[PDB]
Amino acid sequence: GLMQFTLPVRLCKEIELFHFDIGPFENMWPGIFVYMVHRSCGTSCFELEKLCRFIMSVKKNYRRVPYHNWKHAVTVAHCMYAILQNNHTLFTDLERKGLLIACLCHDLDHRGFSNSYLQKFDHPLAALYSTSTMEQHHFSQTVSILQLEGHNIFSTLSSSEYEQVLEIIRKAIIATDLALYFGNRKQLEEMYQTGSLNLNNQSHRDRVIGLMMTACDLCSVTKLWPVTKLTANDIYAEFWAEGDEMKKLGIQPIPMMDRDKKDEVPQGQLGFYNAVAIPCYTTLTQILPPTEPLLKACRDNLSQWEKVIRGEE
Ligand SMILES: CN(C)c1nc(CC[C@H]2CCN(c3ccccn3)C2)nc2ccc(Cl)cc12
Ligand SMILES: [Mg+2]
Ligand SMILES: [Zn+2]
């Protein structure tokens, strides 16, 4: 009740900034998350014992893969925390509750392989869920953990409020399928530019939350350059293992998954920043002006990849 979480001074200040890195001490990550829920949502949002039990079962259901691991989950939740704290009055009580949970759960039980690889392997999940294959699995694992004894963090919500928060979570998790982002951002671009964007329209709020989810999921491109560059190593460790598995199925992988083509990483990152990252944070900054530091840090990192190519690093 009167039991606040407090962080050391450096973390207490820097956790408020978009570019915060949660650090290599895994045992501090639960406390960092609870800290963020208490300031973002309130100390009354969740029963501490249930929230702590939920966080630890979530952790246990992330795998020891190079990138789509527990550290990614907490990192994506912190980017959402920073967006929510910079946009105090724009979000509902239920949205504040739902979105940090959605971010912590958005990659539950990821194996380090894309939807394409599951479909080419003919994995059972690809027959259960024909599109957004891993994202439907991540939502299925979130409902499983919510239903374990002593893990219903939403127990005090009415039936209809409980259904609404699980619907915010389902949409926020599905929206992390990058295949869905391209069309979502185009519609948001048209809506903002013809002045039709309306934050009282539920279907429009859903689009804006979807874009927030892409922005938080891609937030490694918005860190300080040494964090961005070292994270890229983990991202490629997975891509290249997937390429190896494609080659075992007798399929030449695309170049971003082929370790024989490491030399092309700098130009590949360039395309990604130009086609995905910069557009994402540009549209987000137009809808939510106080998120501009994400766009600025992305532009800084695009310019670092240009330097890599020019042989200045
Ligand atoms: C979101 N996710 C799919 C991401 N995909 C890529 C790959 C771009 C790829 C486009 C081309 N590609 C190549 C091509 C040849 C050799 C090497 N790479 C990289 N880079 C990312 C970086 C940061 C984050 Cl946070 C997410 C991603
Ligand atoms: Mg994912
Ligand atoms: Zn993710």
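Each ligand, and each atom within it, is numbered from 1 in the order the structure gives. Here, residue 1 is the first one in the sequence, and each next residue gets the next number.
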salt_bridge(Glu245, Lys248) N-O dist < 4.0 Å: yes
State plainly whether the residues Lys71 and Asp234 are in salt-bridge range, i.e. N to O under 4.0 Å.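 Here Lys71 does not pair with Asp234 in a salt bridge, since their nearest N and O are not under 4.0 Å apart.
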For the Mg ion (ligand 2), which protein N/O/S atoms are closer than 2.8 Å?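 Protein N/O/S atoms under 2.8 Å of the Mg ion (ligand 2): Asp107 OD1.
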Give the ring-plane orientation class for [X] versus [Y], where under 30° counts as parallel, over 60° as perpendicular and anything between as tilted.
| X | Y | answer |
| --- | --- | --- |
| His123 | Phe121 | tilted |
| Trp305 | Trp225 | perpendicular |
| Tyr62 | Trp70 | tilted |

Considering heavy atoms of the protein only, find what lies nearest to [atom] and give residue, atom and distance to 0.1 Å.
| atom | result |
| --- | --- |
| atom 13 (C) of ligand 1 | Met256 CB, 3.4 Å |
| atom 22 (C) of ligand 1 | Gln269 OE1, 3.6 Å |
| atom 10 (C) of ligand 1 | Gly268 O, 3.6 Å |
| atom 26 (C) of ligand 1 | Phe272 CZ, 3.8 Å |
| atom 1 (C) of ligand 1 | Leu218 CD2, 3.3 Å |

Hey, do the aromatic rings of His72 and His106 have their centres closer than 6.0 Å?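 Yes, the ring of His72 comes within the 6.0 Å limit of the ring of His106, centre to centre.
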N, O or S atoms of the protein lying under 2.8 Å from the Zn ion (ligand 3):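 Hits for the Zn ion (ligand 3) below 2.8 Å: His72 NE2, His106 NE2, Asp107 OD2, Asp217 OD1.
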Donor-acceptor side-chain pairing of [X] and [Y] below 3.5 angstrom:
| X | Y | result |
| --- | --- | --- |
| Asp217 | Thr176 | no |
| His138 | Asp109 | no |
| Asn115 | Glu135 | yes |

So is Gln267 touching ligand 1 or not, going by heavy atoms under 4.0 Å?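 Contact check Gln267 vs ligand 1: negative.
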Quick one, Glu189 with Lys186, criterion salt bridge (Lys or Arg N to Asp or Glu O under 4.0 Å). Give me CA distance, side-chain angles, the key distance, then yes/no. CA-CA 5 Å; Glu189 201 54 35; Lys186 280 158 204 139; over 6 Å; no
Backbone or side chain, does any N or O of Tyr67 fall under 3.5 Å from an N or O of ligand 1? no
Min N/O separation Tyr236 to ligand 1 under 3.5 Å: yes
Taking atom CD as the centre, does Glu292 end up with more than 12 heavy-atom neighbours from other residues, nucleotides or ligands that are less than 6.0 angstrom away? no
Which atoms of ligand 1 have any heavy atom of [X] under 4.0 Å away?
| X | value |
| --- | --- |
| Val221 | 23 (C) |
| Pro255 | 15 (C), 16 (C) |
| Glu264 | 15 (C), 16 (C), 17 (C) |
| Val265 | 16 (C), 17 (C) |

Derivation of the ring-ring contact (aromatic ring centres under 6.0 Å, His included) call for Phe54 and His151: CA-CA 5 Å; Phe54 178 89; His151 289 57; 7.1 Å; no
Measure from NZ or CZ of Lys262 to the centre of the six-membered ring of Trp240, then state whether that distance is under 6.0 Å and the direction lies within 45° of the axis.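 Yes - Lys262 lies over the ring of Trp240, closer than 6.0 Å to its centre and within 45° of its axis.
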Roughly how far apart are [X] [atom1] and [Y] [atom2], rounded to 0.5 Å?
| X | Y | atom1 | atom2 | result |
| --- | --- | --- | --- | --- |
| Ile235 | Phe272 | CD1 | CZ | 7.5 Å |
| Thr222 | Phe18 | OG1 | CZ | 8.5 Å |
| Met212 | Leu284 | CE | CG | 7.5 Å |

Between [X] and ligand 1, which part of the residue brings a heavy atom under 4.0 Å of the ligand: side chain, backbone, both or neither?
| X | result |
| --- | --- |
| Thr231 | neither |
| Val276 | neither |
| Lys261 | backbone |

Nearest neighbour of atom 3 (C) of ligand 1 from the list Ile235, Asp258, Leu178, on a heavy-atom basis: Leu178
Between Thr231 and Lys223, does the side-chain hydrogen bond (donor to acceptor under 3.5 Å, both in side chains) criterion hold? Intermediate values first, please. CA-CA 10 Å; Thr231 306; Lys223 298 308 180 188; over 6 Å; no
